[PDB]
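**Q** For reference, the structure I am asking about is given below.
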Amino acid sequence: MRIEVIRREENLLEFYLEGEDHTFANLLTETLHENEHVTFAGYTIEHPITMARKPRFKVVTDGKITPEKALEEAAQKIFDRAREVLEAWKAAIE
Amino acid sequence: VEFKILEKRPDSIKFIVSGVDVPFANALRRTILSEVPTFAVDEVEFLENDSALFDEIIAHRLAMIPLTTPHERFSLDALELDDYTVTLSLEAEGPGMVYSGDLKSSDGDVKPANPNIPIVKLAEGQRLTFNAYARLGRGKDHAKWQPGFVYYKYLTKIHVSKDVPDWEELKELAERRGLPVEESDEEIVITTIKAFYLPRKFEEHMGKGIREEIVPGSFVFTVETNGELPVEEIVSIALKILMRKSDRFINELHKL
Amino acid sequence: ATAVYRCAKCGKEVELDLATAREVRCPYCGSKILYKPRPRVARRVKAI
Amino acid sequence: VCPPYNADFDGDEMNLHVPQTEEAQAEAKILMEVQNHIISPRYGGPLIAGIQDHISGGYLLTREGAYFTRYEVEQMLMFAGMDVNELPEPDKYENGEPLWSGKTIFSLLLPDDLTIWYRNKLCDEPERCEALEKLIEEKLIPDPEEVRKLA
Amino acid sequence: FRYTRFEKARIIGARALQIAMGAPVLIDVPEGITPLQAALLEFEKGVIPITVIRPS
Amino acid sequence: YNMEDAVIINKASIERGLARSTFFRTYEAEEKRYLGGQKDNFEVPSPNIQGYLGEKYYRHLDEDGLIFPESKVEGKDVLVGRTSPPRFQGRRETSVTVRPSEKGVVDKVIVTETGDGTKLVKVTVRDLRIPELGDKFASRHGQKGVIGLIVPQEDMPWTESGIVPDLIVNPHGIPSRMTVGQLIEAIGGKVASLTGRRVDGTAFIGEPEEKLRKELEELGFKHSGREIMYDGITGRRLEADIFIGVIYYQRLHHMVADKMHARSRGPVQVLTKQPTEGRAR
Amino acid sequence: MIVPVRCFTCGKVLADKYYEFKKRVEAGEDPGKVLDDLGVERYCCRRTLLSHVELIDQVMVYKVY
Ligand SMILES: [Mg+2]
Ligand SMILES: [Zn+2]
Ligand SMILES: [Zn+2]
């Protein structure tokens, strides 16, 4: 996992995510959608062959919180949800 | 988050997950399909091969053979996989059948799960000797490392009003196809735990007579395995992989 | 510079010198078609 | 670029040539670039244009009753490479979720000072186009709300 | 007075050929670019010294 | 990526051995005899002779001048080491080599004699041909096209019954060519797979289409052959019921491996001083 | 010329149960019921098992050495 920043405006953050694909990117984007302070959140794959493992992101906030902070909260929410689902699965198996 | 195990089998499991969002289910399915690592043959060193099949064909057939993956010994949820190599060797002389169970593994925990898989046929005077090397890998790089097949569907309830003619035919069809049916005085409800398709005569009633509703956040998952890993450990491994990926992304964000 | 070859029909081992061969034939069955046997050295083949 | 070449993908092969001199490279870059030959000189019309899937997708997007969610709009904006940083005002709300009409998303492609009206191949009721034409002719700057009423 | 496409192409080719065998660039250019790119940048900046002779 | 007759193939299906092919090429070499007792020799050429290709080109040759079987070879690799008497000096080099754009593994070596008693050596080289971009694929109903994109199984759509397509074809190519037999064949293939009995498709006496639709409806699927599919990337249900079936697809010999040619500089014709013709030369 | 180890679609192993399926089919049993009894549910695996033709025995008779 490597982050390569494309451009940074006053409230916009564009970056690459090397080593990832649609699986993590779509989850991260839809978790960012849950934040009320995020106005724009989207990802795309520039080329399915050359850029297969390098999606491009774009996070825009309303200025209340930074886009990096929004991404951090989205990742923490993903972590907590995955832990809760794992706990429920472990409880239901036994 | 709640789980309801519909059916448990040694090779597959069916369950309903609730309280989860659609891209989360998609991410879990993709992590199970392509991110959960197993043991598979990657390189074969051939000493002699007098069989009709070529070396590449035999190597590919050996790669398709499932191998038991000890989840306790190796951290399968780690982002970096262990570079542990397991050597499988065979020395067979024809005539006869060469099975997957005839391979001699250097590790007890890493052996072919199915010992009745044919590999090649040997004629009289034909011998096959090779050393097969197996290592951990992910399903995204090659299909030989996939732990199994996984898919899910929306948990939908089909409401058929009693005013619709021949509703008893639909009820008995749903009962025959193993679907839960709830009967009331006004309408019947069919829980689509499997793929349910209405006949042609009921297509005209789907606009106003028969209505299908989708339960929000409920999915019916089907996870299968070929013997490489237990069918319950794959979901836990995928969830731990997602947790580790989130932690790594947080670390990269802090690095920024 | 002699070498060992395998007969195409009978399959038995045939040894002769290609440089100074008056006739390329199997002394056992008379077949004039021979197969060069595979070397016993190991080779690495990628599994797809 | 397929219609200029009359090329499909059922086994077609094509030739590539690399210029070696600076003059040849400059001539190729200035005169023979792809974007410089969009209009065909044979009939004075577009040659490098959209094809079957592009036309079908445009019809699906811009047809009446076509609405998209915020996630779909953001994903298609990122996929198309459009320089859009904030979404426009939602056209309607369904079950508490905002929705965007496909015409609104398609309008982001056009320049802000572009105005044109014509009849397409889907016109089977000329009586509906007659009212629009009369409204356009009468005022020449019709109200957007009035146009959408009889769209 | 406006340049035709043929005249512009000929001017760019001549300038790129000059840059390839000497003729240092009259404007600042980014490193690692081709002489054709340098000629195109010079034309965009409106600094080209090559004129066009037309019949009269 | 499937527009204009192009097709999309599953990555996992390819990795599991679907449409896997092997290409064979046979090379021959003869120890020709000339007038005056001069004849060719089957041996590894010495570095001091003229026309020496290089040390690494004879690395697979045995001491009799013949390549060992099951040896990996590349372009311009020597298979049979041969020398020829000089013309009007040392012996020249006339070894038989692999084509520059071809490669593979030596399958077999045949040692025999011609009708005049001269030595004859035949070498067969096999190359593994895993399907890739540009490989021509055609159905039995005249629908042909090359592979446009290889898509991983995770990104591929799946049905409610757990079916992932092996191939994806564009809907724009079907009705323009008026090919209903392809749809009938897809329905019949799905019915045959579900029931276990092969569907007869003989002309004018084949199984009727309506019977196949009725059987498909009785099997628990839609009569039209459409199934509810989910998007591979987004994970959401597709807004339309996608037509999916089993169609017999044939891989043609028009492979991109044998068709890719790239020339920068090389041999020219003696008469015209112009580049030669053909990828082999 | 030999039965594939895994299904080309979902990777389910089918080569272990192919010979039993062929033996039961040649005995007069219904191939659909035989496939159902062997755990072959999805029609892609049924496609792989039904459409396979064994031809390796016809290749073994020719020696290459
Ligand atoms: Mg064509
Ligand atoms: Zn013999
Ligand atoms: Zn299958």
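Numbering starts fresh at 1 for the residues of each chain in the structure tokens, the chains themselves are lettered A, B, ... in the order given, and ligands are numbered from 1 as they appear.
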Counting only C-alpha atoms and all ligand atoms, what residues are within 9 Å of ligand 3, given as a short mmCIF file (atom, residue, chain, number, x, y, z; two decimals) with N, CA and C atoms, in the first residue's frame?
**A**
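File written: part-v5.cif
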data_model
loop_
_atom_site.label_atom_id
_atom_site.label_comp_id
_atom_site.auth_asym_id
_atom_site.auth_seq_id
_atom_site.Cartn_x
_atom_site.Cartn_y
_atom_site.Cartn_z
N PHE B 149 -15.29 -21.22 -4.21
CA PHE B 149 -16.25 -20.37 -4.90
C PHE B 149 -17.17 -19.70 -3.89
N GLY F 162 -25.30 -18.53 -8.90
CA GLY F 162 -23.87 -18.73 -8.77
C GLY F 162 -23.16 -19.07 -10.06
N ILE F 163 -23.58 -18.48 -11.18
CA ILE F 163 -23.01 -18.75 -12.49
C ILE F 163 -22.24 -17.51 -12.94
N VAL F 164 -20.97 -17.69 -13.27
CA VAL F 164 -20.12 -16.64 -13.81
C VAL F 164 -19.86 -16.95 -15.27
N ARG G 6 -10.44 -29.28 -12.41
CA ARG G 6 -11.41 -28.36 -11.85
C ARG G 6 -12.34 -27.85 -12.93
N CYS G 7 -13.53 -27.42 -12.50
CA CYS G 7 -14.47 -26.78 -13.41
C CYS G 7 -13.90 -25.46 -13.91
N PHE G 8 -14.07 -25.21 -15.21
CA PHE G 8 -13.50 -24.01 -15.82
C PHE G 8 -14.15 -22.73 -15.32
N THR G 9 -15.33 -22.82 -14.71
CA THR G 9 -16.07 -21.64 -14.29
C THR G 9 -15.77 -21.25 -12.84
N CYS G 10 -16.04 -22.15 -11.90
CA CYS G 10 -15.92 -21.85 -10.48
C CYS G 10 -14.77 -22.58 -9.80
N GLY G 11 -14.03 -23.42 -10.53
CA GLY G 11 -12.91 -24.12 -9.95
C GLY G 11 -13.25 -25.31 -9.09
N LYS G 12 -14.50 -25.79 -9.13
CA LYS G 12 -14.88 -26.96 -8.35
C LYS G 12 -14.23 -28.21 -8.93
N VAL G 13 -13.67 -29.04 -8.06
CA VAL G 13 -12.99 -30.25 -8.50
C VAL G 13 -14.01 -31.27 -8.98
N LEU G 14 -13.81 -31.78 -10.20
CA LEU G 14 -14.72 -32.75 -10.78
C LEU G 14 -14.04 -34.01 -11.32
N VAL G 40 -22.93 -32.53 -8.18
CA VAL G 40 -22.77 -31.60 -9.29
C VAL G 40 -24.09 -30.84 -9.44
N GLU G 41 -24.15 -29.64 -8.86
CA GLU G 41 -25.37 -28.84 -8.84
C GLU G 41 -25.40 -27.80 -9.95
N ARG G 42 -24.40 -26.92 -9.99
CA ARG G 42 -24.35 -25.88 -11.00
C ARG G 42 -24.13 -26.48 -12.38
N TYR G 43 -24.80 -25.92 -13.39
CA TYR G 43 -24.74 -26.50 -14.73
C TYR G 43 -23.42 -26.22 -15.43
N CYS G 44 -22.58 -25.33 -14.90
CA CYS G 44 -21.24 -25.16 -15.47
C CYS G 44 -20.37 -26.38 -15.20
N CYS G 45 -20.41 -26.90 -13.97
CA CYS G 45 -19.72 -28.16 -13.69
C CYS G 45 -20.36 -29.32 -14.45
N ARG G 46 -21.69 -29.29 -14.58
CA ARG G 46 -22.37 -30.28 -15.42
C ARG G 46 -21.94 -30.14 -16.88
N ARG G 47 -21.73 -28.90 -17.34
CA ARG G 47 -21.20 -28.69 -18.68
C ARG G 47 -19.82 -29.31 -18.82
N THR G 48 -18.96 -29.12 -17.81
CA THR G 48 -17.60 -29.66 -17.88
C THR G 48 -17.62 -31.19 -17.89
#
**Q** Taking only C-alpha atoms and all ligand atoms and a cut-off of 10 Å, can you tell me which residues surround ligand 2, written as number ranges by chain?
**A** C: 6-14, 25-34
**Q** In chain G, what's alpha helix (DSSP H) per DSSP? Answer as a list in words?
**A**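 Put together, the selection reads residues 18, 19, 20, 21, 22, 23, 24, 25, 26, 31, 32, 33, 34, 35, 36, 37, 43, 44, 45, 46, 47, 48, 49, 50, 57, 58, 59 and 60 of chain G.
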**Q** Might you pull out every residue within 7 Å of residue F:80, with only C-alpha atoms counted and same-chain residues fewer than 2 positions away left off, and present them as an NGL selection string?
**A** :F and (29 or 65-67 or 78 or 82 or 95-96)
**Q** Keeping N, CA, C and O atoms for every residue in the selection just given, could you write it to a file as an mmCIF file, in the first residue's frame?
**A**
data_model
loop_
_atom_site.group_PDB
_atom_site.id
_atom_site.type_symbol
_atom_site.label_atom_id
_atom_site.label_comp_id
_atom_site.auth_asym_id
_atom_site.auth_seq_id
_atom_site.Cartn_x
_atom_site.Cartn_y
_atom_site.Cartn_z
ATOM 1 N N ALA F 29 16.401 -31.238 -41.460
ATOM 2 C CA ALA F 29 17.780 -30.997 -41.862
ATOM 3 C C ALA F 29 18.315 -32.253 -42.530
ATOM 4 O O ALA F 29 18.107 -33.360 -42.026
ATOM 5 N N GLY F 65 25.621 -32.998 -32.911
ATOM 6 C CA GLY F 65 25.018 -31.930 -33.680
ATOM 7 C C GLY F 65 23.512 -31.852 -33.609
ATOM 8 O O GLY F 65 22.913 -31.075 -34.360
ATOM 9 N N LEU F 66 22.878 -32.626 -32.732
ATOM 10 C CA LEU F 66 21.429 -32.654 -32.606
ATOM 11 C C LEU F 66 21.012 -32.081 -31.259
ATOM 12 O O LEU F 66 21.682 -32.300 -30.245
ATOM 13 N N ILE F 67 19.901 -31.344 -31.257
ATOM 14 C CA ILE F 67 19.411 -30.725 -30.032
ATOM 15 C C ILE F 67 18.806 -31.788 -29.125
ATOM 16 O O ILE F 67 18.221 -32.776 -29.590
ATOM 17 N N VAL F 78 19.813 -22.729 -32.397
ATOM 18 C CA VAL F 78 20.233 -23.799 -33.295
ATOM 19 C C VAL F 78 19.607 -25.113 -32.848
ATOM 20 O O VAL F 78 19.705 -25.497 -31.676
ATOM 21 N N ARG F 82 25.008 -27.917 -38.503
ATOM 22 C CA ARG F 82 25.460 -28.406 -39.795
ATOM 23 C C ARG F 82 26.542 -27.495 -40.355
ATOM 24 O O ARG F 82 26.531 -26.280 -40.136
ATOM 25 N N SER F 95 23.527 -24.288 -40.237
ATOM 26 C CA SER F 95 22.701 -24.887 -39.199
ATOM 27 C C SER F 95 21.244 -24.463 -39.348
ATOM 28 O O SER F 95 20.935 -23.351 -39.784
ATOM 29 N N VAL F 96 20.344 -25.370 -38.981
ATOM 30 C CA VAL F 96 18.912 -25.099 -38.988
ATOM 31 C C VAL F 96 18.531 -24.482 -37.650
ATOM 32 O O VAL F 96 18.808 -25.055 -36.590
#
**Q** In Å, with one decimal, what is the gap from atom CA of residue D:99 to atom CA of residue A:77?
**A**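 Answer for the atom CA of residue D:99 to atom CA of residue A:77 separation: 25.8 Å.
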**Q** Residues within 9 Å of ligand 1 should be enumerated using only C-alpha atoms and all ligand atoms and returned as a PyMOL selection string.
**A** (chain D and resi 6-13) or (chain F and resi 4-5+145)
**Q** Residues at most 7 Å from stretch 17-21 of chain C, counting only C-alpha atoms, excluding those fewer than 3 positions away in the same chain, as a list in words?
**A**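 Surrounding residues, per the criterion: residues 1, 2, 3 and 24 of chain C; 42 and 64 of chain F.
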**Q** I need the chain G residues near chain B as a PyMOL selection string; criterion: at most 9 Å, counting only C-alpha atoms.
**A** chain G and resi 1-6+10-17+56-57+59-65
**Q** Store the residues picked out above, limited to N, CA and C atoms, as a short mmCIF file (atom, residue, chain, number, x, y, z; two decimals), in the first residue's frame.
**A**
data_model
loop_
_atom_site.label_atom_id
_atom_site.label_comp_id
_atom_site.auth_asym_id
_atom_site.auth_seq_id
_atom_site.Cartn_x
_atom_site.Cartn_y
_atom_site.Cartn_z
N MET G 1 -7.59 -34.38 -23.69
CA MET G 1 -7.72 -35.83 -23.86
C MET G 1 -8.00 -36.50 -22.52
N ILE G 2 -7.87 -35.74 -21.44
CA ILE G 2 -8.12 -36.22 -20.09
C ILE G 2 -9.06 -35.25 -19.40
N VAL G 3 -9.78 -35.76 -18.41
CA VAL G 3 -10.81 -34.96 -17.72
C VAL G 3 -10.14 -33.81 -16.97
N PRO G 4 -10.65 -32.58 -17.08
CA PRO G 4 -10.07 -31.47 -16.32
C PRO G 4 -10.21 -31.69 -14.82
N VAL G 5 -9.21 -31.21 -14.08
CA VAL G 5 -9.20 -31.37 -12.63
C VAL G 5 -10.31 -30.53 -12.00
N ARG G 6 -10.44 -29.28 -12.41
CA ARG G 6 -11.41 -28.36 -11.85
C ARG G 6 -12.34 -27.85 -12.93
N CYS G 10 -16.04 -22.15 -11.90
CA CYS G 10 -15.92 -21.85 -10.48
C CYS G 10 -14.77 -22.58 -9.80
N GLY G 11 -14.03 -23.42 -10.53
CA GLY G 11 -12.91 -24.12 -9.95
C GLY G 11 -13.25 -25.31 -9.09
N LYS G 12 -14.50 -25.79 -9.13
CA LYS G 12 -14.88 -26.96 -8.35
C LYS G 12 -14.23 -28.21 -8.93
N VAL G 13 -13.67 -29.04 -8.06
CA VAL G 13 -12.99 -30.25 -8.50
C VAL G 13 -14.01 -31.27 -8.98
N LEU G 14 -13.81 -31.78 -10.20
CA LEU G 14 -14.72 -32.75 -10.78
C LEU G 14 -14.04 -34.01 -11.32
N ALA G 15 -12.71 -34.03 -11.41
CA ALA G 15 -12.02 -35.18 -11.99
C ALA G 15 -12.12 -36.43 -11.12
N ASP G 16 -12.33 -36.27 -9.81
CA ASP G 16 -12.42 -37.43 -8.94
C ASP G 16 -13.69 -38.24 -9.20
N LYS G 17 -14.79 -37.56 -9.51
CA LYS G 17 -16.08 -38.21 -9.70
C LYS G 17 -16.43 -38.44 -11.16
N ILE G 56 -7.20 -39.81 -24.25
CA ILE G 56 -5.80 -40.06 -23.93
C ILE G 56 -5.39 -41.48 -24.30
N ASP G 57 -6.31 -42.45 -24.15
CA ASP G 57 -5.99 -43.83 -24.49
C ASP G 57 -5.69 -44.00 -25.97
N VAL G 59 -4.06 -41.83 -27.63
CA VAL G 59 -2.79 -41.15 -27.86
C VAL G 59 -1.66 -41.98 -27.28
N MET G 60 -1.94 -42.74 -26.22
CA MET G 60 -0.90 -43.56 -25.59
C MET G 60 -0.39 -44.66 -26.52
N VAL G 61 -1.21 -45.10 -27.48
CA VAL G 61 -0.81 -46.21 -28.34
C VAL G 61 0.33 -45.83 -29.28
N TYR G 62 0.55 -44.55 -29.51
CA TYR G 62 1.64 -44.08 -30.37
C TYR G 62 2.81 -43.64 -29.49
N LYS G 63 3.96 -44.28 -29.68
CA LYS G 63 5.13 -44.02 -28.86
C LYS G 63 6.00 -42.94 -29.49
N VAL G 64 6.51 -42.04 -28.65
CA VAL G 64 7.34 -40.94 -29.10
C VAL G 64 8.77 -41.05 -28.56
N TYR G 65 8.92 -41.48 -27.31
CA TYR G 65 10.22 -41.64 -26.65
C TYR G 65 11.05 -40.36 -26.64
#
**Q** Using only C-alpha atoms and a distance of at most 7 Å, pull out the residues of chain A that contact chain B, as number ranges by chain.
**A** A: 1-3, 23-24, 26-27, 68, 72, 75, 78-79, 82, 85-86, 88-89, 92
**Q** Could you pull out the strand (DSSP E) residues of stretch 72-243 of chain F, going by DSSP on the backbone, and write them as a PyMOL selection string?
**A** chain F and resi 72-73+78-80+82-84+92-93+96-97+104-113+119-129+136-139+144-151+158-159+167-169+226-227+229-230+242-243
**Q** Can you work out the spacing between atom CA of residue D:22 and atom CA of residue E:26 in Å, to one decimal?
**A**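 That distance, rounded to one decimal, is 18.4 Å.
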**Q** Using only C-alpha atoms, which residues of chain D come within 10 Å of chain E, and what is the closest atom pair for each, with the distance in Å to one decimal? Give it as a tab-separated table, sorted by chain and residue number.
**A**
residue	atom	partner	partner_atom	distance
D:21	CA	E:17	CA	8.1
D:22	CA	E:17	CA	5.6
D:23	CA	E:13	CA	3.9
D:24	CA	E:13	CA	7.2
D:25	CA	E:13	CA	7.5
D:26	CA	E:13	CA	5.1
D:27	CA	E:9	CA	5.2
D:28	CA	E:9	CA	8.4
D:29	CA	E:9	CA	8.1
D:30	CA	E:9	CA	5.6
D:31	CA	E:5	CA	6.6
**Q** With only C-alpha atoms as the counted atoms, please give the residues lying no more than 10 Å from residue F:197, apart from itself and same-chain residues fewer than 4 positions off, as a compact mmCIF listing (two decimals) with N, CA, C and O atoms, in the first residue's frame.
**A**
# COMPACT_ATOMS: atom_id res chain seq x y z
N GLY F 189 -28.13 -25.44 -24.85
CA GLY F 189 -26.98 -25.82 -24.06
C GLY F 189 -27.24 -25.73 -22.57
O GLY F 189 -26.83 -26.61 -21.80
N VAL F 191 -30.22 -26.04 -21.20
CA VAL F 191 -31.15 -27.13 -20.92
C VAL F 191 -30.41 -28.46 -20.84
O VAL F 191 -30.67 -29.28 -19.95
N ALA F 192 -29.48 -28.70 -21.77
CA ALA F 192 -28.72 -29.94 -21.78
C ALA F 192 -27.83 -30.07 -20.55
O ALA F 192 -27.70 -31.16 -19.98
N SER F 193 -27.20 -28.97 -20.13
CA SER F 193 -26.39 -29.00 -18.93
C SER F 193 -27.24 -29.27 -17.69
O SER F 193 -26.83 -30.02 -16.80
N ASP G 30 -29.71 -42.63 -15.56
CA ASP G 30 -29.95 -41.29 -16.07
C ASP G 30 -28.78 -40.39 -15.70
O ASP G 30 -28.45 -40.27 -14.51
N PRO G 31 -28.11 -39.75 -16.67
CA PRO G 31 -26.96 -38.90 -16.33
C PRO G 31 -27.31 -37.73 -15.42
O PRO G 31 -26.46 -37.32 -14.62
N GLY G 32 -28.52 -37.19 -15.52
CA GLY G 32 -28.90 -36.10 -14.63
C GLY G 32 -28.96 -36.53 -13.18
O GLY G 32 -28.46 -35.83 -12.29
N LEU G 50 -20.25 -33.33 -18.64
CA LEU G 50 -21.01 -33.96 -19.71
C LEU G 50 -20.30 -33.84 -21.05
O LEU G 50 -20.28 -34.79 -21.84
**Q** Write down, as a ChimeraX atom specification, each residue of chain A that has any atom within 12 Å of an atom of chain F, counting only C-alpha atoms.
**A** /A:21-27,29-30,43-45,47-49,52
**Q** If we count only C-alpha atoms and set the cut-off at 10 Å, which residues sit around residue A:58, ignoring sequence neighbours fewer than 6 positions away in its own chain? Please answer as a list in words.
**A** residues 6, 7, 8, 12, 13, 14, 15, 16, 29, 40, 41, 42, 43, 44 and 67 of chain A; 74, 78 and 85 of chain D
**Q** The selected residues should be written to file as a PDB file, in the first residue's frame (atoms: N, CA, C and O atoms).
**A**
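Generated output (out.pdb):
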ATOM      1  N   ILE A   6      -1.743  13.209  -6.156  1.00  0.00           N
ATOM      2  CA  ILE A   6      -1.780  13.821  -7.482  1.00  0.00           C
ATOM      3  C   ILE A   6      -1.829  15.339  -7.369  1.00  0.00           C
ATOM      4  O   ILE A   6      -0.977  16.049  -7.916  1.00  0.00           O
ATOM      5  N   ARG A   7      -2.827  15.856  -6.657  1.00  0.00           N
ATOM      6  CA  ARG A   7      -2.956  17.288  -6.435  1.00  0.00           C
ATOM      7  C   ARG A   7      -3.696  17.514  -5.125  1.00  0.00           C
ATOM      8  O   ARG A   7      -4.393  16.629  -4.623  1.00  0.00           O
ATOM      9  N   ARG A   8      -3.532  18.714  -4.572  1.00  0.00           N
ATOM     10  CA  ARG A   8      -4.133  19.065  -3.288  1.00  0.00           C
ATOM     11  C   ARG A   8      -4.616  20.506  -3.351  1.00  0.00           C
ATOM     12  O   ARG A   8      -3.803  21.434  -3.403  1.00  0.00           O
ATOM     13  N   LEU A  12      -9.687  19.736  -1.565  1.00  0.00           N
ATOM     14  CA  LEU A  12      -9.698  18.595  -2.467  1.00  0.00           C
ATOM     15  C   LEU A  12      -8.390  17.829  -2.337  1.00  0.00           C
ATOM     16  O   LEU A  12      -7.315  18.431  -2.238  1.00  0.00           O
ATOM     17  N   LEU A  13      -8.484  16.501  -2.335  1.00  0.00           N
ATOM     18  CA  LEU A  13      -7.317  15.631  -2.263  1.00  0.00           C
ATOM     19  C   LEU A  13      -7.445  14.546  -3.320  1.00  0.00           C
ATOM     20  O   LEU A  13      -8.376  13.737  -3.272  1.00  0.00           O
ATOM     21  N   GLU A  14      -6.514  14.532  -4.269  1.00  0.00           N
ATOM     22  CA  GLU A  14      -6.437  13.503  -5.296  1.00  0.00           C
ATOM     23  C   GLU A  14      -5.162  12.699  -5.090  1.00  0.00           C
ATOM     24  O   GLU A  14      -4.072  13.274  -4.993  1.00  0.00           O
ATOM     25  N   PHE A  15      -5.295  11.376  -5.024  1.00  0.00           N
ATOM     26  CA  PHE A  15      -4.150  10.527  -4.736  1.00  0.00           C
ATOM     27  C   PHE A  15      -4.350   9.156  -5.363  1.00  0.00           C
ATOM     28  O   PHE A  15      -5.470   8.751  -5.685  1.00  0.00           O
ATOM     29  N   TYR A  16      -3.238   8.448  -5.532  1.00  0.00           N
ATOM     30  CA  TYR A  16      -3.226   7.066  -5.983  1.00  0.00           C
ATOM     31  C   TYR A  16      -3.073   6.130  -4.790  1.00  0.00           C
ATOM     32  O   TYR A  16      -2.621   6.525  -3.713  1.00  0.00           O
ATOM     33  N   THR A  29     -14.653   4.278  -0.685  1.00  0.00           N
ATOM     34  CA  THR A  29     -15.481   5.350  -1.230  1.00  0.00           C
ATOM     35  C   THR A  29     -16.877   5.343  -0.616  1.00  0.00           C
ATOM     36  O   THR A  29     -17.409   6.399  -0.247  1.00  0.00           O
ATOM     37  N   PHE A  40     -17.861  15.361  -2.009  1.00  0.00           N
ATOM     38  CA  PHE A  40     -17.555  14.546  -3.175  1.00  0.00           C
ATOM     39  C   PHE A  40     -16.626  13.415  -2.765  1.00  0.00           C
ATOM     40  O   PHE A  40     -15.640  13.642  -2.057  1.00  0.00           O
ATOM     41  N   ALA A  41     -16.944  12.202  -3.210  1.00  0.00           N
ATOM     42  CA  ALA A  41     -16.100  11.039  -2.960  1.00  0.00           C
ATOM     43  C   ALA A  41     -16.268  10.076  -4.123  1.00  0.00           C
ATOM     44  O   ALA A  41     -17.386   9.633  -4.401  1.00  0.00           O
ATOM     45  N   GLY A  42     -15.170   9.762  -4.801  1.00  0.00           N
ATOM     46  CA  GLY A  42     -15.235   8.869  -5.940  1.00  0.00           C
ATOM     47  C   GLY A  42     -13.877   8.302  -6.275  1.00  0.00           C
ATOM     48  O   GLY A  42     -12.838   8.854  -5.900  1.00  0.00           O
ATOM     49  N   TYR A  43     -13.898   7.180  -6.990  1.00  0.00           N
ATOM     50  CA  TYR A  43     -12.681   6.525  -7.440  1.00  0.00           C
ATOM     51  C   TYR A  43     -12.898   5.986  -8.845  1.00  0.00           C
ATOM     52  O   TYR A  43     -14.031   5.774  -9.285  1.00  0.00           O
ATOM     53  N   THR A  44     -11.791   5.766  -9.549  1.00  0.00           N
ATOM     54  CA  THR A  44     -11.839   5.199 -10.887  1.00  0.00           C
ATOM     55  C   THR A  44     -10.531   4.478 -11.171  1.00  0.00           C
ATOM     56  O   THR A  44      -9.516   4.700 -10.506  1.00  0.00           O
ATOM     57  N   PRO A  67      -9.690  16.401   4.184  1.00  0.00           N
ATOM     58  CA  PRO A  67      -9.926  15.133   3.472  1.00  0.00           C
ATOM     59  C   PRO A  67      -9.120  13.967   4.018  1.00  0.00           C
ATOM     60  O   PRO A  67      -9.614  12.832   4.016  1.00  0.00           O
TER      61      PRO A  67
ATOM     62  N   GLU D  74     -21.191  10.222  -9.013  1.00  0.00           N
ATOM     63  CA  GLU D  74     -19.782  10.435  -8.694  1.00  0.00           C
ATOM     64  C   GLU D  74     -18.893   9.419  -9.401  1.00  0.00           C
ATOM     65  O   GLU D  74     -17.827   9.772  -9.923  1.00  0.00           O
ATOM     66  N   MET D  78     -16.047  10.306 -12.193  1.00  0.00           N
ATOM     67  CA  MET D  78     -14.652   9.896 -12.062  1.00  0.00           C
ATOM     68  C   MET D  78     -14.214   9.036 -13.243  1.00  0.00           C
ATOM     69  O   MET D  78     -13.082   9.164 -13.724  1.00  0.00           O
ATOM     70  N   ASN D  85     -15.926  19.027  -9.257  1.00  0.00           N
ATOM     71  CA  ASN D  85     -15.535  18.921  -7.857  1.00  0.00           C
ATOM     72  C   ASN D  85     -16.718  18.856  -6.904  1.00  0.00           C
ATOM     73  O   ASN D  85     -16.587  18.292  -5.813  1.00  0.00           O
TER      74      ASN D  85
END
**Q** Select residues of chain B: the criterion is any atom within 10 Å of an atom of chain C, counting only C-alpha atoms; output as JSON, numbers by chain.
**A** {"B": [40, 41, 42, 43, 44, 45, 46, 47, 48, 49, 50, 55, 56, 57, 58, 59, 60, 61, 62, 63, 64, 125, 129, 130, 131, 132, 133, 134, 142, 144]}
**Q** Which residues, written as a list in words, have at least one atom at most 12 Å from residue D:120, with only C-alpha atoms counted and residues fewer than 6 positions away on the same chain left out?
**A**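 Once the nearby chain positions are removed, what remains is residues 59, 126 and 129 of chain D.
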**Q** Only C-alpha atoms, please: the residues just picked out, written as a tab-separated table (two decimals), in the first residue's frame.
**A**
chain	number	residue	atom	x	y	z
D	59	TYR	CA	-30.02	7.14	-24.99
D	126	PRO	CA	-44.59	15.66	-34.58
D	129	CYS	CA	-42.31	18.83	-31.36
**Q** Could you jot down the atom CA of residue F:248 to atom CA of residue G:28 separation for me, Å, one decimal place?
**A**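 Answer for the atom CA of residue F:248 to atom CA of residue G:28 separation: 26.7 Å.
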